[PDB]
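Down below is the structure, laid out as structure tokens.
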Amino acid sequence: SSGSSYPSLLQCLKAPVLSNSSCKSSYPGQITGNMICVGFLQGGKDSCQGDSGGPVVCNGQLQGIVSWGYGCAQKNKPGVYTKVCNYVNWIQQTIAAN
Amino acid sequence: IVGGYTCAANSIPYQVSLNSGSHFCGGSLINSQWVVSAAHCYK
Amino acid sequence: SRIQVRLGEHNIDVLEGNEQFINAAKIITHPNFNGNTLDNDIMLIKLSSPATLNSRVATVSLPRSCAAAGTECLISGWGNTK
Ligand SMILES: [Ca+2]
């Protein structure tokens, strides 16, 4: 919650997809259709600086990319993640072309 | 990751570290030569 | 504009044996990425050579659909822990 400690060993965290509502309440006017919240409103458990870009895998599928937030692990400030399920077409098309 | 645990070694085989002199961002391996990450991690 | 992708890692500080370091050949940011809103925060990297897939290195499936609220997920990284 405070300070800085960047690990040598990979870290893991289980966290649930928050409903649109609880996500939008947390960040009024800032959550687009390409975003989902995943984590805990009590704070304590969250992704942070250096995690960005990494995976949020649910039932064997990449559903999120670590994107942004208001700090890390704060009460009522869950992580916000790129909603990967909106981009399968773009990803495939790009891979085909390149 | 705040409030997590240390993953079992080499569990999460799809996880990658993006490095420019040092680790700066993560990413995921989605086929043998494409990694997906965050646009704000651009370097 | 330079990125080395490190696969097969666990301890990023020690060369353990299993790692494959492959440079990025192509870096492609989403055309509608908005740095202000962080909308479309997604980027594809093409590796200079293919990764070799094995025990230590494996792909992850793209979603077959969007996920229900309440789905448990697993988030991993070497980011800040405090
Ligand atoms: Ca290593």
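Chain lettering (A, B, ...) mirrors the order of the structure tokens, residue numbering begins at 1 for each chain separately, and ligand numbering begins at 1 in order of display.
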
Mind listing as a VMD selection string which residues of chain B are within 7 Å of chain C, counting only C-alpha atoms?
-> chain B and resid 1 to 2 9 to 10 13 to 14 16 to 20 26 29 to 40 43

Chain C contacts on chain A, only C-alpha atoms, 7 Å, as a PyMOL selection string | chain A and resi 1-19+32+34+48-51+54-58+60-63+67+82+85+88

Please produce a file of the residues just selected, as a compact mmCIF listing (two decimals), in the first residue's frame, where the atoms kept are N, CA, C and O atoms.
```txt
# COMPACT_ATOMS: atom_id res chain seq x y z
N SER A 1 0.84 -1.23 0.00
CA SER A 1 0.00 0.00 0.00
C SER A 1 0.87 1.26 0.00
O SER A 1 0.45 2.30 -0.50
N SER A 2 2.07 1.15 0.56
CA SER A 2 2.96 2.29 0.70
C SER A 2 4.41 1.84 0.52
O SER A 2 4.81 0.79 1.03
N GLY A 3 5.19 2.64 -0.20
CA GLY A 3 6.59 2.33 -0.39
C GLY A 3 6.86 1.73 -1.76
O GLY A 3 6.09 1.95 -2.70
N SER A 4 7.98 1.03 -1.88
CA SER A 4 8.35 0.39 -3.13
C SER A 4 9.15 -0.89 -2.87
O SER A 4 9.96 -0.93 -1.95
N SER A 5 8.75 -1.96 -3.55
CA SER A 5 9.43 -3.23 -3.48
C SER A 5 9.13 -4.01 -4.75
O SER A 5 7.99 -4.39 -5.01
N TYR A 6 10.16 -4.18 -5.57
CA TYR A 6 10.01 -4.83 -6.87
C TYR A 6 10.66 -6.22 -6.81
O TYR A 6 11.82 -6.36 -6.40
N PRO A 7 9.86 -7.28 -6.99
CA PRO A 7 10.32 -8.64 -6.69
C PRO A 7 11.24 -9.22 -7.77
O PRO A 7 11.03 -8.97 -8.96
N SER A 8 12.07 -10.17 -7.38
CA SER A 8 12.80 -10.98 -8.34
C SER A 8 11.89 -12.08 -8.87
O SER A 8 11.97 -12.43 -10.05
N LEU A 9 11.08 -12.68 -8.00
CA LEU A 9 10.24 -13.82 -8.39
C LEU A 9 8.83 -13.38 -8.85
O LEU A 9 8.25 -12.46 -8.29
N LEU A 10 8.27 -14.07 -9.84
CA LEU A 10 6.96 -13.71 -10.39
C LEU A 10 5.89 -13.83 -9.31
O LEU A 10 5.84 -14.82 -8.55
N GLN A 11 4.99 -12.85 -9.27
CA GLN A 11 3.89 -12.84 -8.34
C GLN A 11 2.55 -13.12 -9.02
O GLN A 11 2.30 -12.68 -10.15
N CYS A 12 1.63 -13.66 -8.22
CA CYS A 12 0.33 -14.13 -8.68
C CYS A 12 -0.77 -13.57 -7.77
O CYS A 12 -0.53 -13.34 -6.56
N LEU A 13 -1.98 -13.45 -8.31
CA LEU A 13 -3.12 -12.96 -7.54
C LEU A 13 -4.42 -13.45 -8.18
O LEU A 13 -4.58 -13.40 -9.41
N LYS A 14 -5.27 -14.06 -7.36
CA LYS A 14 -6.62 -14.42 -7.79
C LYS A 14 -7.54 -13.25 -7.47
O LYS A 14 -7.52 -12.71 -6.35
N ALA A 15 -8.36 -12.87 -8.44
CA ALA A 15 -9.24 -11.71 -8.28
C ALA A 15 -10.40 -11.89 -9.21
O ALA A 15 -10.22 -12.46 -10.30
N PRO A 16 -11.60 -11.41 -8.82
CA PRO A 16 -12.83 -11.60 -9.59
C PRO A 16 -13.12 -10.41 -10.51
O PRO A 16 -12.72 -9.27 -10.22
N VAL A 17 -13.77 -10.68 -11.64
CA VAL A 17 -14.24 -9.61 -12.51
C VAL A 17 -15.37 -8.91 -11.77
O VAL A 17 -16.31 -9.56 -11.28
N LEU A 18 -15.21 -7.59 -11.60
CA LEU A 18 -16.24 -6.74 -11.00
C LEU A 18 -17.28 -6.39 -12.06
O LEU A 18 -16.95 -6.25 -13.25
N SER A 19 -18.54 -6.27 -11.64
CA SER A 19 -19.61 -5.86 -12.54
C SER A 19 -19.43 -4.41 -12.94
O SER A 19 -18.85 -3.61 -12.19
N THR A 32 -14.70 3.10 -20.07
CA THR A 32 -15.28 2.98 -21.39
C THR A 32 -15.69 1.53 -21.61
O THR A 32 -15.33 0.66 -20.82
N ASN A 34 -14.37 -0.52 -23.42
CA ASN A 34 -13.17 -1.32 -23.64
C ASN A 34 -12.44 -1.59 -22.35
O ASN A 34 -11.24 -1.88 -22.37
N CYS A 48 0.02 -3.32 -9.91
CA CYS A 48 0.72 -2.06 -9.63
C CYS A 48 1.73 -1.75 -10.74
O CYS A 48 1.74 -2.40 -11.80
N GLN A 49 2.50 -0.68 -10.55
CA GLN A 49 3.51 -0.28 -11.54
C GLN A 49 4.46 -1.43 -11.81
O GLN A 49 5.00 -2.04 -10.89
N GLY A 50 4.65 -1.72 -13.09
CA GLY A 50 5.56 -2.80 -13.47
C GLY A 50 4.80 -4.04 -13.88
O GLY A 50 5.32 -4.90 -14.59
N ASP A 51 3.56 -4.14 -13.41
CA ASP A 51 2.65 -5.18 -13.85
C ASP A 51 2.01 -4.88 -15.21
O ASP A 51 1.45 -5.78 -15.83
N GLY A 54 0.78 -7.06 -18.54
CA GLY A 54 0.69 -8.47 -18.20
C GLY A 54 -0.71 -9.02 -18.29
O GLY A 54 -1.65 -8.27 -18.62
N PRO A 55 -0.89 -10.32 -18.04
CA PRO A 55 -2.12 -11.08 -18.28
C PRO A 55 -3.11 -11.05 -17.11
O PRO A 55 -2.72 -11.00 -15.94
N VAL A 56 -4.39 -11.08 -17.46
CA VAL A 56 -5.48 -11.41 -16.53
C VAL A 56 -6.21 -12.58 -17.17
O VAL A 56 -6.91 -12.40 -18.17
N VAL A 57 -5.92 -13.79 -16.71
CA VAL A 57 -6.47 -14.98 -17.35
C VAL A 57 -7.59 -15.59 -16.51
O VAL A 57 -7.44 -15.75 -15.30
N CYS A 58 -8.73 -15.88 -17.15
CA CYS A 58 -9.93 -16.36 -16.45
C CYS A 58 -10.42 -17.53 -17.26
O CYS A 58 -10.49 -17.44 -18.50
N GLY A 60 -8.90 -19.97 -18.47
CA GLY A 60 -8.00 -20.32 -19.56
C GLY A 60 -7.97 -19.33 -20.71
O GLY A 60 -7.40 -19.60 -21.78
N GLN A 61 -8.65 -18.21 -20.53
CA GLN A 61 -8.73 -17.22 -21.59
C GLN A 61 -8.17 -15.89 -21.12
O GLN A 61 -8.38 -15.50 -19.98
N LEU A 62 -7.39 -15.26 -21.98
CA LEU A 62 -6.88 -13.92 -21.70
C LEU A 62 -8.01 -12.89 -21.83
O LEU A 62 -8.35 -12.47 -22.95
N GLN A 63 -8.59 -12.48 -20.70
CA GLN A 63 -9.69 -11.49 -20.68
C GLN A 63 -9.26 -10.04 -20.40
O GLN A 63 -10.00 -9.09 -20.69
N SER A 67 -3.76 -2.41 -17.19
CA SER A 67 -3.83 -1.09 -17.82
C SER A 67 -3.61 0.09 -16.86
O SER A 67 -2.57 0.73 -16.93
N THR A 82 -7.68 -3.61 -19.80
CA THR A 82 -8.16 -3.59 -21.16
C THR A 82 -8.99 -4.84 -21.39
O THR A 82 -8.58 -5.96 -21.02
N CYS A 85 -11.65 -9.11 -24.94
CA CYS A 85 -12.67 -9.81 -25.71
C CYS A 85 -13.27 -8.91 -26.82
O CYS A 85 -13.85 -9.41 -27.79
N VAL A 88 -10.45 -9.35 -30.46
CA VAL A 88 -9.97 -10.56 -31.11
C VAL A 88 -9.82 -10.35 -32.63
O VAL A 88 -8.80 -10.74 -33.21
```

Taking the chain letters and numbering used in this document, name the residues of chain C that DSSP puts in strand (DSSP E), as a count of residues only.
-> 25

Pick from A:20, A:89, A:26, A:94 nearest to chain B, counting only C-alpha atoms | A:94
